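This report concerns only the one structure given below.
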Amino acid sequence: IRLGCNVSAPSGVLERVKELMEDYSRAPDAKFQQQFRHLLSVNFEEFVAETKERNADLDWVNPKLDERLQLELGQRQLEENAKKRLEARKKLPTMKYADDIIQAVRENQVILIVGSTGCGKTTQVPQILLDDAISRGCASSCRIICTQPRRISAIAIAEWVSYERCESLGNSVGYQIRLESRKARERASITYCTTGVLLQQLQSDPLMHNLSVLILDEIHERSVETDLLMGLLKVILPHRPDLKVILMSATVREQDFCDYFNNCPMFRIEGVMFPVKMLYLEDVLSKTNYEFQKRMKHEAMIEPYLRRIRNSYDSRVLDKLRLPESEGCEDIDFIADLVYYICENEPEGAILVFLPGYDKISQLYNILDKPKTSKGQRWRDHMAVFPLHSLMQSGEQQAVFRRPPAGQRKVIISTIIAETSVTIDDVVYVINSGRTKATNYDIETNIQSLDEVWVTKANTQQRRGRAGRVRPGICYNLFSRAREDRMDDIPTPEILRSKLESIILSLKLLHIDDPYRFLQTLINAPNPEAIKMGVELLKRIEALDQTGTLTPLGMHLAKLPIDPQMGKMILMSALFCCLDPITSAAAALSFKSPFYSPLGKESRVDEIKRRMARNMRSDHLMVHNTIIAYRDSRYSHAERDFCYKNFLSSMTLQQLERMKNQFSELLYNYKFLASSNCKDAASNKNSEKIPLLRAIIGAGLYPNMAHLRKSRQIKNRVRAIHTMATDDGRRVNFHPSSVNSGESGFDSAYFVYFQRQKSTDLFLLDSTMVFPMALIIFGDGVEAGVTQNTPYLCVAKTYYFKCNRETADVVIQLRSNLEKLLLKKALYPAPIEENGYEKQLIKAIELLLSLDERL
DNA sequence: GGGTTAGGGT
Numbered sequence: 052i053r054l055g056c057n058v059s060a061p062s063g064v065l066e067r068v069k070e071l072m073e074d075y076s077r078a079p090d091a092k093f094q095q096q097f098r099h100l101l102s103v104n105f106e107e108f109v110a111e112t113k114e115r116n117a118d119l120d121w122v123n124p125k126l127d128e129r130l131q132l133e134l135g136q137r138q139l140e141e142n143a144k145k146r147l148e149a150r151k152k153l154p155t156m157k158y159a160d161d162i163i164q165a166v167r168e169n170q171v172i173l174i175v176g177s178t179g180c181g182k183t184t185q186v187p188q189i190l191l192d193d194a195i196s197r198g199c200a201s202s203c204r205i206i207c208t209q210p211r212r213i214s215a216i217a218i219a220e221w222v223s224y225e226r227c228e229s230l231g232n233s234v235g236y237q238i239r240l241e242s243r244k245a246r247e248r249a250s251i252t253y254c255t256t257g258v259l260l261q262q263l264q265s266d267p268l269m270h271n272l273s274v275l276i277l278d279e280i281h282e283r284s285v286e287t288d289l290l291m292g293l294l295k296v297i298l299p300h301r302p303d304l305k306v307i308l309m310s311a312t313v314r315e316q317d318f319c320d321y322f323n324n325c326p327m328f329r330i331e332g333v334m335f336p337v338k339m340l341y342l343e344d345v346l347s348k349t350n351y352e353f354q355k369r370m371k372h373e374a375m376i377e378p379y380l381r382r383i384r385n386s387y388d389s390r391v392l393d394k395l396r397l398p399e400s401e402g403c404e405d406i407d408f409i410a411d412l413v414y415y416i417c418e419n420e421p422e423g424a425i426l427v428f429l430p431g432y433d434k435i436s437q438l439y440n441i442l443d444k445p446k447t448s449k450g451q452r453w454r455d456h457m458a459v460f461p462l463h464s465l466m467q468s469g470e471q472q473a474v475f476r477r478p479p480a481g482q483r484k485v486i487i488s489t490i491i492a493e494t495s496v497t498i499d500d501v502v503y504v505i506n507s508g509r510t511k512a513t514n515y516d517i518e519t520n521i522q523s524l525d526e527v528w529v530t531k532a533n534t535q536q537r538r539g540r541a542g543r544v545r546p547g548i549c550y551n552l553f554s555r556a557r558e559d560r561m562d563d564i565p566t567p568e569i570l571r572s573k574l575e576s577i578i579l580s581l582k583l584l585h586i587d588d589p590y591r592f593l594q595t596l597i598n599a600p601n602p603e604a605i606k607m608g609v610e611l612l613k614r615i616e617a618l619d620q621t622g623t624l625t626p627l628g629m630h631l632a633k634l635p636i637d638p639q640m641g642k643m644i645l646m647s648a649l650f651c652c653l654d655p656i657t658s659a660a661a662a663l664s665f666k667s668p669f670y671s672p673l674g675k676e677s678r679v680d681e682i683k684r685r686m687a688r689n690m691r692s693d694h695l696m697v698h699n700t701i702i703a704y705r706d707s708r709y710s711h712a713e714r715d716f717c718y719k720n721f722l723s724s725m726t727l728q729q730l731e732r733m734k735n736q737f738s739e740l741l742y743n744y745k746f747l748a749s750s751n752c753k754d755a756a757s758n759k760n761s762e763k764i765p766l767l768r769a770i771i772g773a774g775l776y777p778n779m780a781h782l783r784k785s786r787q788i789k790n791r792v793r794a795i796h797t798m799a800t801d802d803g804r805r806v807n808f809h810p811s812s813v814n815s816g817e818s819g820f821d822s823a824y825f826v827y828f829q830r831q832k833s834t835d836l837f838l839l840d841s842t843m844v845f846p847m848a849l850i851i852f853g854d855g856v857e858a859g860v861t862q863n864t865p866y867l868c869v870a871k872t873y874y875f876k877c878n879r880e881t882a883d884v885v886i887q888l889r890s891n892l893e894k895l896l897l898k899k900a901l902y903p904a905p906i907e908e909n910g911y912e913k914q915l916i917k918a919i920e921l922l923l924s925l926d927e928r929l
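All letters in the first sequence, in the order written, are residues 52 to 79, 90 to 355, 369 to 929 by full-length UniProt numbering.
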């Protein structure tokens with residue numbers, strides 16, 4: 052056991068804290094409390110009964126409206142902007158199965174529609190069921206909800222279906238996503254929403270009385286939310302005999318969903334796609350005859379294969395398969411050659427290249443742009459080459475989606491983003507390197523890693539389809555068919571890779587109180603040891619009690635659309651009057667960063683971030699300064715150039731702002747704020763006290779701490795070697811994308827972080843420098859004692875600091891009062907009065923935290 | 001000295 056810096060406090064400060072805690076201690090309307098005990102009192106049977114009576118709107122119908130809509134629909138299908146829009150609908154494969162679908166839904170509570178790209182299931186099935194109900198004089202009883210995994214899908218599909226009915230958005234079809242909705246009319250309507258929206262709406266409607274039909278789309282993708290929702294459907298559907306659910310899926314392990322709903326009827330609907338034929342590594346080498354020159371366990375795989383194709387391909391080609399380097403994207407000059415080849419033969423169309431990530435995308439972009447081969451300089455000005463990556467701007471721009479300039483061929487170098495999320499139309503050739511990146515959690519070592527892995531069979535199929543939108547194409551797979559038989563069917567369903575604290579907490583608000591029993595019923599049960607880690611984290615931040623029952627704090631946390639830790643940090647910012655910068659920190663962690671990472675500008679992005687960090691040594695405060703600067707450029711009508719100069723996505727920035735206000739409105743509705751504006755002066759009297767902000771941030775990211783021990787100033791220009799290790803002892807560093815990477819001379823040696831992850835070493839993706847006293851006040855594992863002959867005060871029983879007894883005894887009594895205050899604020903929420911008993915304890919905490927302000 | 005990809009009423 053070692054000993055850290057002294058945290059004893061001056062006597063005058065100690066005496067004023069004592070006065071203020073004694074003032075706090077001589078203090079003597091909660092609908093929320095009654096709500097909370099009421100949730101805890103009812104068993105599941107009473108829960109259902111109460112929700113049936115509470116959500117009763119669809120027990121009511123409008124016969125004069127039924128009749129009106131039935132009439133105008135009959136009329137509008139004799140007019141000629143419809144009845145042309147109807148011919149082109151009847152060209153879709155799904156419309157041929159219309160009448161069977163109507164009847165199959167009528168006879169079964171659950172059906173499944175399976176169909177490939179082009180089958181129109183997503184646009185047609187909701188219209189089929191709606192127009193049917195309208196024509197039968199049942200309009201007002203019909204409310205259809207169709208889920209989508211991605212926000213952009215929910216918008217575009219809704220817009221298209223609305224056009225297909227000669228309506229503007231918001232009449233019979235609408236959409237709802239986070240913080241943005243063009244809502245449909247109440248009844249006889251179709252609404253497209255992202256799955257999360259429907260999950261959150263269960264809090265009020267836990268058995269789905271406010272919709273008549275639920276369509277789940279894209280379930281084959283096995284997102285957490287669709288996997289969650291089907292599990293909840295097994296609980297909901299026994300009490301909802303009238304509800305109709307339509308599962309919808311691509312042709313990837315379609316049988317599992319069918320099996321899971323015990324055997325329900327399954328439609329298979331043909332697609333509309335132009336033929337894309339697959340080549341593999343043997344076939345590409347035969348047309349290109351590139352030559353490679355500048369464990370195995372490889373040839374164990376490839377040699378048995380090599381010989382049953384002995385007489386089908388040339389002798390020199392099957393030599394190059396022997397090289398482990400031929401498969402994947404290890405040799406970028408090979409893929410470069412295959413792009414050069416497609417430009418020559420193989421008439422005109424765009425080339426879509428799927429590479430694993432940013433680093434390797436950059437290597438091929440430079441080869442394509444500044445080539446050292448003679449053949450490539452021939453092609454350089456006759457390609458228009460776009461990279462494609464979530465962190466790069468090209469996606470949010472018009473060009474990559476449009477056809478190239480005359481005499482130019484378009485080449486797109488992309489990550490998996492172009493498989494389903496981003497879609498380009500004039501692709502005819504796909505180069506599928508077969509390599510992608512993935513995050514895996516090793517439950518035993520608490521190490522998240524980012525590893526390069528092979529794609530699955532399903533992925534490769536999806537990439538093939540991206541060539542067959544406009545005309546027939548070709549898909550070049552840079553691996554042998556011996557590899558494809560090594561590949562998995564699907565990616566690992568993401569429920570198995572995820573932290574579970576959020577779901578377990580959310581389940582309690584649906585009166586699913588046993589997360590082990592319920593989660594075991596999903597299509598793939600998560601590891602029960604990952605459930606225990608979830609419950610444990612929730613017990614530690616005090617959202618669940620020791621027995622595992624919900625606490626008043628946890629119910630609030632469950633009602634915030636954000637992870638429970640950052641929820642708690644957002645909440646703390648309300649009681650401690652630093653609302654604006656903390657919700658910026660929260661929003662940027664829950665969402666992504668507003669900074670692009672354009673190619674070749676890695677050096678300059680680092681300067682921009684350091685400059686916006688304002689030497690405050692926190693990746694989180696750095697985002698808030700960015701938001702403060704962004705608002706100012708809107709006040710100066712200089713937004714575009716501010717965004718240009720500093721590589722900022724105005725789109726993510728504006729969404730971060732909408733998230734900040736959502737948090738404000740919720741905390742305001744929950745009686746924690748006097749004002750719903752996250753910039754209100756009253757909610758922000760403390761927002762420039764930097765030591766205070768590190769304390770509230772630490773209260774959120776705790777217990778994820780690191781301690782730094784080393785220096786360097788020799789001698790290149792500006793870099794330093796760190797010796798740093800997390801609370802568990804493992805040696806870490808700041809990720810190069812962090813503003814603290816390579817920095818020197820820190821006012822404190824301790825940091826908190828949101829994500830640790832190993833790619834080339836164990837990195838902290840984001841950090842904020844914290845001070846020990848702040849950790850001690852908001853953390854746990856705090857005891858005072860004597861170890862060498864020295865009095866100490868510790869945190870997490872891991873970091874021990876010299877501390878005299880007078881300071882320790884006061885800090886310990888202070889933490890006691892802090893816990894008492896948090897416990898009441900959760901049960902009996904109210905804003906903290908500016909001149910009350912509760913403010914005196916707050917002033918006690920600010921007083922101790924300010925002792926660390928930089929002189 | 002490095003960034004696979006999606007998401008959260010009123």
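Where a beta carbon is used, it is the ideal one built from N, C-alpha and C, also for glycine.
Quiz item: Considering residue 955, what are the terminal residues of the alpha helix (DSSP H) in which it resides?
Solution: Any answer about residue 955 is impossible in this case: the structure gives the chain only from 52 up to 929.
Exercise. Look up residue 154 in the DSSP assignment and say whether it is helix, strand or coil.
Key: helix
Practice problem: For the region 343-352 and the region 300-316, state whether three or more C-beta atom pairs, one from each stretch, are separated by less than 8 Å. | Solution: no
Quiz prompt | Cut-off 6 Å between Cβ atoms - residues of its own chain near residue 733, not counting five sequence neighbours on either side | solution = Hits under 6 Å: 661.
Quiz item: If we count Cβ pairs, one from each stretch, closer than 8 Å, do we get three or more for the region 603-622 versus the region 704-721?
Solution: Judged by Cβ distances under 8 Å, the region 603-622 makes no contact with the region 704-721, as fewer than three pairs qualify.
Quiz item: Helix or strand or just coil, what does DSSP make of residue 720?
Solution: Coil at residue 720, not helix or strand.
Quiz item: What residues are listed by DSSP as bridge partners for residue 746?
Solution: Residue 746 is not bridged to any residue.
Self-check item: 7 Å CB neighbourhood of residue 602 in its chain, flanking five on each side removed
Solution: 590
Exercise. Would you decide whether residue 725 is buried or exposed? Buried here means 16 or more other CB atoms lie within 10 Å of its CB.
Key: exposed
Practice problem: Look at the alpha carbon of residue 525 and the alpha carbon of residue 864, and state the distance between them as a whole number of angstroms. | Solution: 46 Å
Quiz item: How far does the alpha helix (DSSP H) with residue 657 in it reach, from first residue to last?
Solution: Its alpha helix (DSSP H) spans residues 653-664.
Exercise. Would you tell me roughly how many angstroms separate the C-alpha atoms of residue 908 and residue 586, rounded to the nearest one?
Key: Computed Cα separation, rounded: 40 Å.
Exercise. Please name the residue or residues paired with residue 483 in a DSSP beta bridge.
Key: 457
Self-check item: Presumed contact (8 Å Cβ cut-off) between residue 409 and residue 507, rounded CB distance
Solution: 7 Å
Self-check item: CA nearest to the CA of residue 536, picked from 555, 494 and 567
Solution: The residue with the shortest Cα to Cα distance from residue 536 is 494.
Practice problem: Please work out which residues of its chain come closer than 6 Å, Cβ to Cβ, to residue 624, disregarding the five sequence neighbours upstream and downstream, and give them in chain order. | Solution: 582
Self-check item: Span of the alpha helix (DSSP H), counted from its first residue to its last, around residue 696
Solution: 693-709
Quiz item: Short check: CB of residue 260 to CB of residue 298, under 8 Å?
Solution: No. Outside cutoff.
Practice problem: Kindly list the residues whose CB is nearer than 7 Å to the CB of residue 502, restricted to its own chain and excluding five residues on each side of it in sequence; keep chain order. | Solution: When the five nearest sequence neighbours on each side are left out, the beta carbons in the same chain lying within less than 7 Å of the beta carbon of residue 502 are those of 423, 424, 541, 544, 545 and 547, in order along the chain.
Quiz item: Can the beta-carbon of residue 631 be found less than 8 Å from the beta-carbon of residue 579?
Solution: yes
Quiz prompt | One or two residues paired with residue 276 in a DSSP bridge | solution = According to DSSP, residue 276 bridges with 207 and 307.
Quiz prompt | Assigned secondary structure, residue 586 (DSSP; H/G/I helix, E/B strand, else coil) | solution = coil
Practice problem: Count the CB pairs spanning the region 853-870 and the region 882-894 that are closer than 8 Å, and state whether there are at least three. | Solution: Contact between the region 853-870 and the region 882-894 is present: three or more C-beta pairs spanning the two stretches fall below 8 Å.
Quiz item: When we look at the beta-carbon of residue 528 and count the other beta-carbons within 10 Å, is it buried (16 or more) or exposed?
Solution: With at least 16 other beta carbons inside 10 angstroms of its own, residue 528 counts as buried.
Quiz item: What are the residues that DSSP puts in a beta bridge with residue 242?
Solution: Paired residues: 237.
Quiz item: At a cut of 8 Å, does the region 52-71 reach the region 871-879 through at least three beta carbon pairs?
Solution: Touching, per the Cβ criterion.
Quiz item: Sorted by chain position, which residues of the same chain lie with C-beta nearer than 8 Å to residue 142's C-beta, five sequence neighbours on each side aside?
Solution: Within the same chain, Cβ atoms closer than 8 Å to the Cβ of residue 142 are found at 227, the five residues on either side in sequence being excluded.
Quiz item: Mapping DSSP to helix, strand and coil, what is residue 180?
Solution: coil
Quiz item: If you pair each beta-carbon of the region 805-825 with each one of the region 834-847, do three or more pairs fall below 8 Å?
Solution: yes
Self-check item: Nearest-angstrom beta carbon gap, residue 517 and residue 599 [assumed within contact, 8 Å]
Solution: Not a contact, Cβ separation roughly 14 Å.
Practice problem: Using three-state DSSP, classify residue 325 as helix, strand or coil. | Solution: Three-state result, residue 325: coil.
Quiz item: If you pair each beta-carbon of the region 663-670 with each one of the region 760-769, do three or more pairs fall below 8 Å?
Solution: no
Quiz prompt | Of the residues 229, 147, 174 and 208, the one placed nearest residue 192, counting alpha carbons only | solution = Ranked by how close their Cα comes to the Cα of residue 192, the residues 229, 147, 174 and 208 have 147 in first place.
Quiz item: Hey, residue 310 and residue 210: beta-carbon distance below 8 Å or not?
Solution: no
Practice problem: Measure the Cβ-Cβ separation of residue 867 and residue 884 and say whether it is below 8 Å. | Solution: No, the pair does not count as a contact, with Cβ atoms beyond the cut-off.
Quiz prompt | Top-ranked residue by Cα proximity to residue 793, from 799, 780 and 815 | solution = 815
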